[PDB]
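Following this are structure 1 and structure 2, which are two forms of one protein chain, each written alone as structure tokens.
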Structure 1
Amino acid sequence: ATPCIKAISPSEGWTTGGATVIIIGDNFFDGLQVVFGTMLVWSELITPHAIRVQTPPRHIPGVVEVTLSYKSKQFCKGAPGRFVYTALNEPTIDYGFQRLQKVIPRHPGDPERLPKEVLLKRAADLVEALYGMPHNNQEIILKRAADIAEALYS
């Protein structure tokens, strides 16, 4: 029997993506994929009734229908989930961390998920290391970072 979607938690994320979401339904299995509108993402299989995905980025805020796909075949077109994308405005403590989890480099032999303290440590290291640079590298990095910031928050 085919995979179905019964609930999505959370049912709402930032347009920048990267948010962990739990898809709850029936008949899930390994290698299944989740469709956010038209965007495919892969999913980690928790149990046959729960699947874990990371929200893909979307350039426009609003409702998207959520469906499932295996090997380019689509399920749930008749009973879709709904996920909502919102525009990110004010940064938050929780977002800053999710963000750091993605961008912070991992020394060999780390856990799959770095503890908040490590992130803050490594982050501190690299930002200090930037201050002691040829300035030619500094102007570029700061211009880059300013571009990144301008694109996420508006």
Structure 2
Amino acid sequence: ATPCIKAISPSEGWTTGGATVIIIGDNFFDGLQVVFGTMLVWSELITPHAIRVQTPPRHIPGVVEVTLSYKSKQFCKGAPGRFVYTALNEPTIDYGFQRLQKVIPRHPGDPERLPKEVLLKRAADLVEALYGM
């Protein structure tokens, strides 16, 4: 009757945290906590087979073990969930945004530096016109 993790969805998120994640498994109950590496968060019980959490921030990117905890007892250490944190400022991601900043078309009224949301919006507009539909 111990809580067990069978799957986690999504399995990745940004280091800034705040993503909704569903943990699927067995023997869940109200009050169960979830630990991402060392970062503990509380959960919402959906059914005994699913709980919902918001990811905690993590200082560094990388793979973490996801385990469960209740009254400081750890569960799932022998079969932990896997969750991957990515940093928006990882050098290869950042270099991609720097490339886009130089060639994304600027529209009247734009700020001097286009925000990343806009770089991505217009890159997708352009790629959709090439390969979309």
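Take the two forms, find the largest set of C-alpha atoms that superpose within 1.5 Å, and that set is the rigid core. Sequence positions of structure 1, starting at 1, serve as the residue numbers. Only residues modelled in both forms are compared.
Discussion item. Once both forms sit on the same rigid core, is the C-alpha displacement of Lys121 at or above 2 Å between structures 1 and 2?
Written reply: Superposed on the core, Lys121 moves its C-alpha 2 Å or more between structures 1 and 2.
Worksheet item: Superposing on the rigid core, do we see a C-alpha displacement of 2 Å or more at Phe28 between structures 1 and 2?
Response: For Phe28, whose C-alpha is compared between structures 1 and 2 after core superposition, the shift is less than 2 Å.
Item to complete: Could you let me know the angle, in degrees, that the smaller of the two rigid parts turns against the larger between structures 1 and 2?
Response: So the smaller part swings through 133 degrees relative to the larger one.
Discussion item. Fitting the two forms on their rigid core, what distance in Å separates the Cα positions of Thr92 between structures 1 and 2?
Written reply: In the core superposition between structures 1 and 2, the C-alpha of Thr92 moves 17.3 Å.
Worksheet item: How much does the C-alpha of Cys76 shift between structures 1 and 2, in angstrom, given a rigid core superposition?
Response: That residue's C-alpha is offset by 0.5 Å.
Worksheet item: Taking the rigid core as reference, which runs of at least three consecutive residues show Cα movement of 2 Å or more between structures 1 and 2?
Response: Core-superposed, the single displaced stretch is 89-133.
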